[PDB]
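Chemist: Below is the structure I would like to discuss, written out as structure tokens.
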DNA sequence: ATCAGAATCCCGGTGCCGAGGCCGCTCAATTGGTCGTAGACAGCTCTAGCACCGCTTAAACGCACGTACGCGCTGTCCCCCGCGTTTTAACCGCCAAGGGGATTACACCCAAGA
């Protein structure tokens, strides 16, 4: 059985929704 | 149409540092009184805004015809989409460099200061 693999476009929108719902700082603290 | 699959939301559960309630003053807010000038009100004016006519004309709309920018569809191969391996951004215990107590056996005698 071939392992699960999302088509190009699903995880992108998932990350869009996740980062639009949360307001945490996306840039790291020490490098900035 | 239909199922297997990893990804996502809500519920026991918990406790802790952030959110919330209380006390003493004391320095800012309040009261009362004396100056007082910038603000409210009346008056003159003429310039500036407003409405309308005479004569003029380049600007704006409808007509004629096609075309080239506008847009759907096709062939390609590409470089991101996504998973697996450590690693590089720091985080975390024993070497071989010196600073020091210790010694010069055991028992006895002589001399000379506080």
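Note that chain A carries Swiss-Prot numbering, so the residues on display, from first to last, are 37-68.
Quick check of the header: electron microscopy, 5.7 Å.
Just so you know, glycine gets a Cβ as well, placed from its N, Cα and C.
Features from Swiss-Prot:
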type	residues	note
MOD_RES	A:37	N6,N6-dimethyllysine
MOD_RES	A:37	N6-(2-hydroxyisobutyryl)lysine
MOD_RES	A:37	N6,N6,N6-trimethyllysine
MOD_RES	A:42	phosphotyrosine
MOD_RES	A:57	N6-methyllysine
MOD_RES	A:57	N6-lactoyllysine
MOD_RES	A:57	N6-acetyllysine
MOD_RES	A:57	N6-succinyllysine
MOD_RES	A:57	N6-glutaryllysine
MOD_RES	A:57	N6-(2-hydroxyisobutyryl)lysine
MOD_RES	A:57	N6-(beta-hydroxybutyryl)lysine
MOD_RES	A:65	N6-(2-hydroxyisobutyryl)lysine
Chemist: Three-state secondary structure of residue A:37 (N6,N6-dimethyllysine) from DSSP?
Modeler: coil
Chemist: Using Cα coordinates, what distance in whole Å links residue A:37 (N6,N6-dimethyllysine) and residue A:57 (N6-methyllysine)?
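Modeler: Here the two Cα atoms are 35 Å apart.
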Chemist: Measure from the CA atom of residue A:65 (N6-(2-hydroxyisobutyryl)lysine) to the CA atom of residue A:57 (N6-methyllysine) and give the result in Å, rounded to a whole number.
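Modeler: Roughly 21 Å, rounded to the nearest whole number.
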Chemist: Hey, what's the Cβ neighbour count for the residue listed as 'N6,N6-dimethyllysine' at 10 Å?
Modeler: 3
